[PDB]
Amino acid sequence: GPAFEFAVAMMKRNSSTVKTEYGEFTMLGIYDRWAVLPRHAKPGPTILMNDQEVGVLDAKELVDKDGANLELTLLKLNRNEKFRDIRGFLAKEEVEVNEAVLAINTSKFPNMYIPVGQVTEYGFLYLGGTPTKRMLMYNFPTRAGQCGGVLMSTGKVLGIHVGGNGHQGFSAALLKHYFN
């Protein structure tokens, strides 16, 4: 009940629809001009953000202390408007919860809110052939076009949805310390 309302306010204020040469994704703006997409979105020097071309100034594919893939790209947008700073709402570490909401917003799946239930610290996953770390697993979403979806509980942003197989979905943990 509350998770839904937090989720709507967050998406309203910080999410956008993004098209890359590789598909349509949900994008979350974090602070300043920095936003986040799944690594596999591979944004080029320009993206379509809500139907509008927007330059990308820099794009950092995140990896851990040994170079393992984290499956997220941080992008800095070439736009004058700043995002509402939501770093305070980011989890400091991998979070497990009994109930979470996955919020997806594209032209194909507009305003989609999915209660995903239990979210567990899955850890290492061979995702699309790529060794990936800091995965959060949940049951019951799992369709093309949903990546970038934002995983949340009341008052926290836990992750960004990056993959799945069957009734299982996987988010990359979205950690406060990634930002700066």
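All residue numbers refer to positions in the sequence shown, first residue = 1.
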Greater mean Cα temperature factor according to the PDB record, 49-57 or 110-118: 49-57
Mean C-alpha B-factor comparison - 133-141 and 32-40, higher one: 133-141
Per the PDB entry, maximal CA B factor within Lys19, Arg13, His161, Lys156: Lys19
Deposited CA B-factor, highest of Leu74, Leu90, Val95, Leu77: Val95
Position of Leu70 among the chain's modelled residues by C-alpha B-factor, lowest, middle or highest third: middle
Record-listed C-alpha B factor of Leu175: chain third: middle
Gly123, C-alpha B-factor rank within chain (lowest, middle or highest third): middle
